[PDB]
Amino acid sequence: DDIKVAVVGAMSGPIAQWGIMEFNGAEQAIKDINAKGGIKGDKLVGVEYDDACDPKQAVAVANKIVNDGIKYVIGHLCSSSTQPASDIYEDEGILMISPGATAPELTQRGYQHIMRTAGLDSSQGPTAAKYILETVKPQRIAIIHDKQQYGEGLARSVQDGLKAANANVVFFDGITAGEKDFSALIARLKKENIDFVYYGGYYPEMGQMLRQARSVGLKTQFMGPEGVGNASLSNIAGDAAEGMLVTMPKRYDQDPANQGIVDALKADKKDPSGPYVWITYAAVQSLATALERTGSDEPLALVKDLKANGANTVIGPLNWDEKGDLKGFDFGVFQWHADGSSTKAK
């Protein structure tokens, strides 16, 4: 009449400013819910554990939650401590809802008790493609990446979405990440007369390009994935960063509807801006409430109801595929500024 829920994450290595957001999000979650009557009168209590975000610690954590009778795990923060844990959870018929792991493989196995409230990086490719096609509507598009799984992966995605829709992509090329001079690339957008570049990679590269493209006078508009929306971007491109398009999680902290949680957090002296605050709250309110409110105690009856019906969340309405990934989950589009600040885009 006291439902026990495990919250696992790093409350100690160097990743702990990340675990702080999730512990924080979970806690506010059990409180709001038990405050409204809880689960049919029963109350939810959070048992908290340290992962330190370590693969050997993770595995020890999950053994100790098992042989300790908890049935619902709202965790692991890192993709590298989770995987190992998830083997153990599935094994022993224990529910596991990750509020931050994005390794596409967690779900490529057949585990029937593993879910996520976190989005996959690949969902950004399609958000970009749709934005460029619906609202930018540029004339000549060159697509570039940095020869890596991340950057190459996300560029091809966008190139895919862009052609299926018959858009005009001039060239598709790779750059040597670590490169300090893009004068050839830059001379090629001049000549190919390019007006919109989608670049999949990281900030280091993007910053030099932007800096590099603007000194030569290009009017070209740049798009990039979350790896480009870093704080260093402005300490690197300076002004050329201005108006760079980026794909980033939406700011749940700025939803009129979340203003109640935000105040609650400011009040406790906690920072309500971390995304882990929001995707972990979304986790608690789906296991517990969307579902235990289904009458079951049983881990599997629980995943069947969330996969059949959805959770209504702080993070929006959620739907899951039969593999336990979110369906229809999108990242936001943001317009960057020379100051390192960000307006959400048109």
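In case it trips you up, residue 1 is the first one in the sequence shown, and so on.
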Mean Cα B-factor check, 108-116 vs 134-142, entry values; winner is 134-142
So 30-38 or 295-303, which one's hotter by mean CA B-factor in the entry? 295-303
Using the temperature factors in the entry, find which of 195, 226, 179, 152 has the highest value at its Cα atom. 179
Per the deposited entry, the peak Cα B-factor within the set 76, 190, 251, 71 goes to 190
Among all modelled residues of this chain, ranked by Cα B factor, put residue 55 in the bottom, middle or top third, i.e. lowest, middle or highest. highest
Which third, lowest, middle or highest, does the CA B-factor of residue 8 fall in along this chain? lowest
Should residue 85 be placed in the lowest, middle or highest third of its chain by the C-alpha B factor in the entry? middle
Among the modelled residues of its chain, the C-alpha B-factor of residue 247 falls in the third labelled lowest
Residue 92: CA temperature factor from the record, placed by chain third, in the middle
